[PDB]
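Q: Quick one, what's the 3D model for this:
(chains A and B)
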Amino acid sequence: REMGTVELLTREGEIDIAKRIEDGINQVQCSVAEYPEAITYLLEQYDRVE
DNA sequence: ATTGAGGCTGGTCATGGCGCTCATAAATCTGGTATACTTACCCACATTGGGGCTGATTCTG
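A: Residues are numbered from 1 along each chain as shown, chains lettered A, B, ... in the order given. Dropping the coordinates below:
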């Protein structure tokens, strides 16, 4: 019953949801790249690798 | 009742198979990713409790 309360998608809905996911991921990526501590941790990890 | 020897009490010198410990290594055990399209399973009794009536005392239009 709980599963059938919802209706399946189509190709257009799948494309729209994928686009929304990509947009959210891009926004999160921009927000986390806008900080310098990310670059600091990247450099520290690269130094540890080297 | 002594002093002359055997049997038996003290320690020598390694000795030798056994057991714990180190290290190698291939077999065994774990985590991980696959892109034509696949969308709702398969007997008979006795007792107590819950729900729908059934009046029967209280109030009503």
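Q: going forward, measure contacts between C-alpha atoms and count neighbours the same way
A: Noted.
Q: element containing the residue in chain A that DNA strand B sits nearest to?
A: Relative to DNA strand B, the nearest point of chain A is residue A:4 (3.6 Å; C-alpha to the nearest atom of the strand). In the assignment (DSSP states H and E), residue A:4 maps to no helix and no strand.
Q: go on, residue A:28?
A: Here residue A:28 is assigned to helix A:11-33, by DSSP H and E.
Q: Is DNA strand B within reach of that helix?
A: No. Judged by C-alpha under 7 Å from any atom of the strand, helix A:11-33 makes no contact with DNA strand B; its nearest approach is 8.6 Å.
Q: which residues are contacting that helix?
A: A:38, A:39 (C-alpha atoms under 8 Å, 6 or more residues apart in numbering).
Q: C-alpha coordinates for it, CSV please?
A: Provided in CSV are the C-alpha atoms of helix A:11-33 (Å, rounded to 0.1, in the frame of the first residue of the first chain):
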residue,chain,number,x,y,z
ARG,A,11,12.0,9.6,-19.2
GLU,A,12,11.3,13.4,-18.9
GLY,A,13,10.9,13.2,-15.2
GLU,A,14,14.1,11.2,-14.9
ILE,A,15,16.0,13.8,-16.9
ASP,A,16,14.5,16.6,-14.8
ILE,A,17,15.5,14.9,-11.5
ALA,A,18,19.0,14.2,-12.9
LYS,A,19,19.3,17.9,-13.8
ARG,A,20,18.2,18.9,-10.3
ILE,A,21,20.7,16.6,-8.7
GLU,A,22,23.5,18.0,-11.0
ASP,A,23,22.5,21.6,-10.1
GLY,A,24,22.5,20.8,-6.4
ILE,A,25,25.9,19.1,-6.6
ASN,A,26,27.3,22.0,-8.5
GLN,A,27,26.0,24.5,-5.9
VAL,A,28,27.5,22.4,-3.1
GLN,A,29,30.8,22.1,-5.0
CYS,A,30,31.0,25.9,-5.5
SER,A,31,30.1,26.6,-1.8
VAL,A,32,32.8,24.2,-0.6
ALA,A,33,35.4,25.5,-3.1
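Q: Thanks a lot, see you next time.
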